[PDB]
Protein chains: 2
Amino acid sequence: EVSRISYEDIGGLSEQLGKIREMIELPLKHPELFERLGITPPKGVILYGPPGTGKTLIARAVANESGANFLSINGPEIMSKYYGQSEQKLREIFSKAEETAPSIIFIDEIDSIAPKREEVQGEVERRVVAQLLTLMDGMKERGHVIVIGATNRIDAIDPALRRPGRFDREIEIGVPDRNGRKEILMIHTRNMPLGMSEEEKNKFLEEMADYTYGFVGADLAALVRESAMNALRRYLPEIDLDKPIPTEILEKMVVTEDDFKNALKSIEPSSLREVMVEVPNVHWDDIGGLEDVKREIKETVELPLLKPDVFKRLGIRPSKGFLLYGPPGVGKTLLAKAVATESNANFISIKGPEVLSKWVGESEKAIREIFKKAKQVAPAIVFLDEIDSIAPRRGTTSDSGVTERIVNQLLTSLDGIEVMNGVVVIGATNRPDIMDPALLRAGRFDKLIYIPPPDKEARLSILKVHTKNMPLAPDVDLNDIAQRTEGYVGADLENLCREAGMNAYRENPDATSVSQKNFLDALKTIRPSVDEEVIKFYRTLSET
Amino acid sequence: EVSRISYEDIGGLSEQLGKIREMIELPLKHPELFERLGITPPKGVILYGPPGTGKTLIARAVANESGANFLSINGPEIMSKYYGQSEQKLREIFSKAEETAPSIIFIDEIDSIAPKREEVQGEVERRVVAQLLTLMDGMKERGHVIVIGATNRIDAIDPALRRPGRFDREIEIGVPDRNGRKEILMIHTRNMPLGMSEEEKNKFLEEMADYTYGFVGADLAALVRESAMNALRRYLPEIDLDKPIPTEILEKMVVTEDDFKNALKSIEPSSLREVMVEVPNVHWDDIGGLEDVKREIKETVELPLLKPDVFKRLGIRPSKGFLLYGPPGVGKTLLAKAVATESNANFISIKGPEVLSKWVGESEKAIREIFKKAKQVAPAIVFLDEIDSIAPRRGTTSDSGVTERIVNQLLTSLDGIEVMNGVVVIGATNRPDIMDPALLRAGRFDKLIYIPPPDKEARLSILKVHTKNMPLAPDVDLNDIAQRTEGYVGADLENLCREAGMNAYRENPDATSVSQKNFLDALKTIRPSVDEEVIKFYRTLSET
């Protein structure tokens with residue numbers, strides 16, 4: 001809280017923090033305990049987790065949390081020195097550690113001073129690696145010094161340094177759990193205007209946090225900053241009346257729950273990566289047709305996420321996803337985009353061709369990175385559009401690395417799912433048959449959504465929706481156009497209303513609202529697209 | 001160490017330790033014998049294997065055991081210093097050896113003091129290596145100065161430092177023997193009671209330790225540390241109360257046998273590649289269906305492991321491995337994951353794509369290292385999922401290095417086994433045919449598991465297991481539905497029970513137990529997955 005950084009500061013990590021406490025902090029305080037009963041404590045702990053998640057700050061509170069002498073060193077300067085003086089640098093601090101013991105030897109990004117064992121060829125690199133190894137090895141137990149370190153990759157460190165000896169104790173620090181978030185946000189709130197005493201705010205922060213899967217701890221804190229920024233916009237005209245600072249408003253600044261609400265959206269939720277790109281707005285209500293599909297597609301995604309509780313009351317595992325398949329021109333993507341807009345937990349979309357061309361050696365490491373990123377960011381919806389494009393038949397008898405690399409990896413990686421993870425797969429394909437049936441095997445998809453072509457009646461609703469923006473006239477009547485064409489697909493009726501305009505603009509140079517005739521002419525301009533031949537294909541392939 | 005490290009301190013390595021003793025220690029003590037009739041003794045030893053595990057401890061026990069003056073220097077600081085004086089550092093120590101001989105001149109991490117043969121471009125690097133070569137050559141016999149040092153690179157050194165007459169004796173120390181484990185843990189019992197001692201407990205701990213196949217020396221010691229930690233949790237509610245520790249319970253804490261057992265689960269598995277794999281959770285009972293497969297698969301993995309003695313009575317070598325193949329959607333992976341959960345031996349699971357982009361310098365060496373580590377950590381069960389994906393036929397040459405790299409390495413690595421390497425191959429593939437037939441040869445597998453699709457009778461058992469969690473109504477007749485459909489796979493029947501719920505929640509938001517009807521509607525929501533055309537394909541393909 002008030003402290004520079006201390007136990008009372010740290011929070012939300014209580015399980016994980018509970019590791020730290022229970023591991024290094026306890027002996028360090030009363031040696032009497034371990035002195036009486038057996039074994040030596042740990043000599044160090046490595047903190048694994050979502051990169052730099054305020055990594056340092058966790059260990060930064062072991063600076064007032066133990067009273068062991070402070071002893072930060074940071075990776076870059078350790079290896080800098082004029083050749084072979086870098087090694088003696090390390091040792092010099094290490095000796096000063098033994099001198100000042102008990103001591104919090106704090107070095108982070110320890111990967112930097114701990115590359116791979118032998119998978120790096122560098123002289124100096126191997127010099128310091130060996131040294132650090134040895135700095136562990138010469139050992140005096142009298143080194144009642146702890147060595148804390150953090151890294152971006154668990155195994156980045158020399159596999160030797162992983163041993164149950166050299167950095168025996170190892171700590172992974174997880175992603176902020178939902179219930180955990182509250183604690184996190186709670187500390188970050190005790191520095192700015194809430195709403196009042198507001199038990200209601202505590203509850204607001206609760207449901208706020210539940211409104212999303214959350215963001216990283218740092219990001220959560222950035223949310224609070226957003227609120228600040230946002231509220232500062234609200235006060236921007238009032239405050240910006242004068243160059244000197246007004247003191248009248250300086251406590252008559254009040255930030256309230258709606259600010260936060262406006263920040264919750266339009267703060268980048270991106271836990272990580274450039275992965276996730278903007279999607280145009282449209283809500284499930286704003287998409288028309290296929291009420292049945294909607295009722296189920298919604299209930300599959302929404303139910304676990306919006307109401308976990310009743311789903312546990314069932315006790316059945318949540319569905320892992322579904323495929324959308326139908327004749328092209330049903331604007332598969334639009335259905336998809338809708339689910340993503342409304343979704344209370346963020347959606348991740350990585351378009352298929354991009355991954356299949358993705359250069360990272362042209363490796364399947366890319367497909368796997370999708371899932372990797374997803375797994376970390378879960379609860380989440382991964383979207384694969386044209387899953388066919390990323391996966392044909394693995395029943396292909398002639399295999400390239402097209403198939404070997406990605407298509408098979410896709411399989412294994414989908415199978416790769418951490419079962420608890422709230423990943424949901426929204427697949428789409430035009431021709432189901434093209435993919436490998438293993439993707440049409442369960443575990444991947446859980447429903448197979450055939451998209452029937454729109455009937456006249458459904459056309460009526462999509463049609464009404466489509467001309468909703470456009471200015472209609474008393475002359476037009478919609479149920480007429482519904483009855484006019486049934487053979488029209490949705491993609492064409494889109495263009496239909498469009499084309500009506502093209503016609504209409506020709507008729508009257510000054511704009512006028514559309515007439516029956518403006519539709520008629522356009523009816524005869526563009527063609528129907530729902531072919532009974534292709535429908536028969538899908539109708540029969542739904543037998544499969 | 002502090003309580004004098006002596007031969008008896010070191011333990012478990014006794015077989016190996018007997019080498020050290022008999023090699024360097026013996027002449028050094030009574031040289032008069034060998035002096036009268038006998039060899040020129042050894043003069044240097046390199047300890048190859050998992051690092052620091054005992055490396056140091058070996059030479060640390062020569063420190064207080066023979067009047068050979070221990071003389072630690074560690075590689076990093078020897079070569080760091082102001083140019084051309086770094087080399088003379090070494091020379092000084094060697095000379096100081098000759099004055100004070102016999103002396104245990106100790107430098108470890110022989111790699112840092114001898115990085116490469118000539119491969120490094122480092123001036124000083126090549127300086128110190130050459131010098132060290134010569135420091136071996138200059139030798140006076142009177143300089144009986146043994147040089148112990150260790151490395152994780154068997155060949156970092158110039159071949160000269162290998163060459164007999166230069167570090168002539170070389171001793172590799174590796175994972176202990178089962179009986180050896182006892183010695184290690186036993187020695188650690190002197191530092192901490194399990195309650196007092198109890199020869200009965202000691203014998204229990206003895207077989208307890210054999211209940212785990214192995215750990216490395218360090219890891220074994222970490223196990224005991226874990227116990228400590230674990231037991232300190234046990235006394236944690238009582239301990240917190242105190243600020244001045246009671247003498248009343250100070251070593252009247254009891255580290256119960258169950259504590260050890262519970263540390264035994266959730267202890268580091270393997271010292272290296274501790275990154276290893278994730279975690280499954282299924283228990284053998286929970287594998288439903290395929291009771292027959294279970295009976296054979298279990299006896300293949302379990303037998304060698306559960307009773308070695310009776311298996312030697314057979315005298316047949318352990319089963320080479322087996323492949324699982326059938327129509328997909330038998331959730332191959334779950335069967336596999338299960339066997340691995342219960343098995344005492346390590347599980348290794350390496351998903352195909354991950355490895356397949358691992359071409360560490362266009363180099364398969366990572367797959368080779370998987371097996372390498374596996375070989376070291378043996379007995380273990382390797383699981384290869386989509387073994388096809390990493391092993392297409394060599395009958396396809398529509399590759400660059402893809403096949404060459406991994407498939408042939410796979411081959412040579414399967415061949416790489418030793419009888420004592422209790423690696424066991426649990427294969428899984430959707431389609432055998434994609435695979436290189438060389439892997440489908442004997443030795444590269446032992447059995448070929450065709451998975452017969454779920455029978456009605458087996459559906460019942462998988463079904464009971466599946467609805468076990470679910471609220472079950474008296475309305476349902478489970479044997480009815482089992483007998484109702486069969487073309488429906490198990491993976492789908494999972495979703496069947498799921499969808500039943502979806503139906504049920506829709507009907508009543510208040511969650512009542514599932515009904516026959518809830519299955520019926522859902523029965524027709526899902527469709528079969530098993531297609532007899534492909535089953536016949538695989539059934540017949542069991543011929544090839």
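- Judging from the entry metadata, cryo-EM is the method by which this structure was determined, and 4.8 Å is the reported resolution.

1. So, the overall build of chain A
Here comes step 1: The helix and strand inventory of chain A stands at 23 helices and 10 strands.
Here comes step 2: Computed over C-alpha atoms, the radius of gyration of chain A comes to 30 Å, more than 25% over the 24 Å expected from 2.2 N^0.38 for 544 residues, which places it beyond the range of a compact globule.
Here comes step 3: For chain A, contacts bridging at least 24 residues in sequence account for 90% of all contacts bridging at least 6.

2. Observations concerning the packing of helix 22 (residues 490–507) of chain B against helix 23 (residues 516–523) of chain B
All names here are of chain B.
Here comes step 1: At their nearest, the axes of helix 22 and helix 23 sit 8 Å apart, and the two run at 115° to each other. Classified by the interaxial angle, the pair formed by helix 22 and helix 23 is roughly perpendicular. Relative to helix 23, helix 22 is oriented so that their crossing is right-handed. Residues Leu496, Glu499 and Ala500 of helix 22 form the contact with helix 23, whose participating residues are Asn518, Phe519 and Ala522.
Here comes step 2: Of the residues belonging to the contact of helix 22 with helix 23, the class tally is 4 nonpolar, 1 polar and 1 charged.

3. Side note on the interface of chain B and chain A
Here comes step 1: Contact residues are listed per partner, giving 30 residues for chain B and 33 residues for chain A.
Here comes step 2: Broken down by secondary-structure element, the contributors of at least two residues to the side of chain B that touches chain A are helix 10 (217–234) and helix 22 of chain B.
Here comes step 3: It is helix 10 of chain B that provides the largest number of residues to the side of chain B that touches chain A, a total of 5 residues.
Here comes step 4: The class makeup of the residues in the side of chain B that touches chain A is 13 nonpolar, 10 polar and 7 charged.

4. Quick look at helix 13 (residues 291–306) of chain B
An α-helical turn contains 3.6 residues, so a residue and the one three or four places further along point in the same direction.
Here comes step 1: Spanning 16 residues, helix 13 of chain B covers only 20 Å between terminal C-alpha atoms, well under the ideal 22 Å at 1.5 Å per step.
Here comes step 2: If you look at helix 13 of chain B, its biggest bend is around 35°, right at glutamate 299 of chain B.

5. Quick word on the sheet that holds strand 10 (residues 447–450) of chain A
What holds strands together in a sheet is hydrogen bonding between their backbones, with the strands either parallel or antiparallel.
All names here are of chain A.
Here comes step 1: Spatial strand order, 7-8-9-6-10: 5 strands in an open sheet with parallel pairing. Both outer strands of the open sheet, strand 7 (347–349) and strand 10, are each paired with one neighbouring strand and no more. Neighbour to neighbour, the strand axes of the sheet diverge by 20° on average, direction disregarded.
Here comes step 2: Where strand 7 lies against strand 8 (residues 380–383), 3 bridges are found, and the strand directions are parallel. Looking at the pairing, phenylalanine 347 lines up with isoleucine 381 of strand 8.

6. Structural notes on the packing of helix 9 (residues 217–234) of chain A against helix 11 (residues 257–264) of chain A
All names here are of chain A.
Here comes step 1: Put simply, helix 9 and helix 11 touch, their axes get as near as 8 Å, and they point 115° apart. When the interaxial angle is binned, helix 9 and helix 11 end up roughly perpendicular. The interaxial crossing formed by helix 9 with helix 11 has right-handed handedness. Between helix 9 and helix 11, the contacting residues are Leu223, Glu226, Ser227, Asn230 and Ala231 on the first element and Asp259, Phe260 and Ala263 on the second.
Here comes step 2: Tallied by class, residues from the contact of helix 9 with helix 11 come to 4 nonpolar, 2 polar and 2 charged.

Analysis parameters
- Residues numbered from 1 in each chain as written, not as in the entry; some residues may be left out.
- Chains lettered and ligands numbered in written order.
- Part of a larger assembly, values for the part shown.
- Heavy atoms only, no water.
- Residues with missing side-chain atoms left out of burial classes, pairs and counts.
- Helix = DSSP H or I, 4+ residues; strand = E, 2+ residues; numbered from the N terminus.
- Rg over C-alpha atoms; globule rule 2.2 N^0.38 Å.
- Contact = heavy atoms within 4.5 Å.
- Axes fitted to C-alpha atoms, helices over the stretch in contact; angles between N-to-C directions.
- Parallel < 35°, antiparallel > 145°, perpendicular 65-115°, else oblique.
- Left-handed = near helix turned anticlockwise from the far one by under 90°.
- Nonpolar A, V, L, I, M, F, W, Y, C, P; charged D, E, K, R; others polar.
- Expected span 1.5 Å × (residues − 1).
- Bend = angle between axes of the 7 residues up to and from the residue.
- Pairing = 2+ DSSP bridges.

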